[PDB]
Structure formats: structure tokens, C-alpha cells
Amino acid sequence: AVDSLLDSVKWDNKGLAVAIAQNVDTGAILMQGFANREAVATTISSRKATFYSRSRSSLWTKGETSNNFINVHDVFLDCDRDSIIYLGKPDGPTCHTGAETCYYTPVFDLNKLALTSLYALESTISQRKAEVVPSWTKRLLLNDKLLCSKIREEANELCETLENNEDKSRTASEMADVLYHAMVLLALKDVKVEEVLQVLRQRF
């Protein structure tokens, strides 16, 4: 059944397809390599992301020496079946330099990681926490009583958009209000958003 599936992949002249490893919990692109028929099959059977190293001319499972495996949860093919997503959860940092992902060379800021909207805000909140030990985040990080009251009150306002039939944009605006203040509490308690999303996934 695996044989019938690998035959459908559109490989290039070298027998390769693009294989992208993505964090199953956050969506961050960890790394992008290449896979041949055997590299994808090994990923399927071993549940650890495996690629074809063109340089070393051999199969390569991420973590085989460093133990920073990418435990693969699902594999996706795009429409033309020439691109692959390894959707996995990494044991440690993915890049061989030690960086969390391989993408940290911004072209517009001309070393910061590539972050989507939710994880960039978490990163900003983290920077305020470091400069703590005039900012609204620093004010919340330095006042537990104010932060907790703000979370309770904003949660109240989110519900009032449902209870009082406010516009959908009002609900989104208040959900953002809840999300920001909760992440300031997350930072105080040393909790990453990824850990929270892992909890959600474990409750499936």
C-alpha cells in the first residue's frame, strides 16, 4: 500500500521531491530538505523525519547523531504531488547550529527567527520580561494583581459580545484582548504557547 502511494509522487530527474518539516503544534517551518522514495518510506515506518542528503549521498534521519529527532505525526502531499510536509514535533533544536529552526536570516531587516503573528507577539512579551529584571507589558509583568484583574475583566468583555449580541469584529477584538493579557501571564509563569497547544492536541 506504501508502494502504490510512493509511485504517485512526482519526482524530478534525480528521483527527488521537496520535503518540508513543520512543527505540528505551532506551524513553524523547522527545515526544508529533499526526499527520495526511500526517504519518505523511512519517515512513514520509523515516524522520524528522514531526508536524502545530496552532499553525503545517503539517507539522513534528522537527529540520528544529535538526538534532535522530528517525530512525524502526518505526511502531506500537495496537489501535483511534488512537495511534502513532514508534520512533526521536534525533540530539540532543528538546525545544526543549534537554532530552533533553520530560518533566521530576515531580508527586510536589512539574527531573528521567522515568526508568525501569534509567536512574534509571544517573543515581544518575552523581550519586555527580560528588560523588566514605559511599557504596558512591563507594567503587567511587574504587577500581578493588575494583570489578573485585567484577564478576568477582558474575559468578561469577550462573553458580553456573545451575551449582548455584539458584532463579530467586536468578538475578535475582545478575543485579542484576552489573548494578549493571558500571554503576559504565560510569560510570568514561564509557559510557551507551544506547550499550551500541546495540551490541546493531547486532549483529542
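One-based numbering along the sequence shown.
*Asks:* Is there a break between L110 and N111, and how many deposited residues does it span: none, 1 to 3, 4 to 9, or 10 or more?
*Replies:* Some 4 to 9 residues are missing between them.
*Asks:* In the deposited sequence, how many residues between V133 and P134 have no modelled coordinates (none, 1 to 3, 4 to 9, 10 or more)?
*Replies:* In the deposited sequence, 4 to 9 residues between these two have no coordinates.
*Asks:* Please compare 193-201 with 4-12 and say which has the higher mean C-alpha temperature factor in the record.
*Replies:* Looking at the record's C-alpha B-factors, the answer is 4-12.
*Asks:* Would you mind comparing 25-33 and 142-150 for me and telling me which has the higher average C-alpha temperature factor in the entry?
*Replies:* Of 142-150 and 25-33, the stretch with the higher C-alpha B-factor average is 142-150.
*Asks:* Between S55, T161, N156, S173, which one tops the list for C-alpha B-factor in the PDB entry?
*Replies:* If I rank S55, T161, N156, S173 by C-alpha B-factor, first place goes to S55.
*Asks:* Using the B-factor values recorded in the entry, state whether the Cα atom of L77 falls in the lowest, middle or highest third among the modelled residues of its chain.
*Replies:* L77: CA B-factor falls in the highest third of its chain.
*Asks:* Could you tell me which third, lowest, middle or highest, the C-alpha B-factor of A41 occupies within its chain?
*Replies:* Within its chain, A41 is a highest-third residue by C-alpha B-factor, going by the deposited values.
*Asks:* Quick check for you: using the entry's CA B-factors within this chain, is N71 in the lowest, middle or highest third?
*Replies:* Its C-alpha B-factor, which the entry lists for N71, ranks in the middle third among residues of this chain.
*Asks:* Using the temperature factors of the C-alpha atoms in this entry, rank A49 within its chain: lowest, middle or highest third.
*Replies:* Ranked within chain, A49 CA B lands in the middle tercile.
*Asks:* Classify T65 as lowest, middle or highest third according to the C-alpha B-factor given in the PDB entry, relative to its own chain.
*Replies:* Highest third - that is where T65 ends up once the chain's C-alpha B-factors are sorted.
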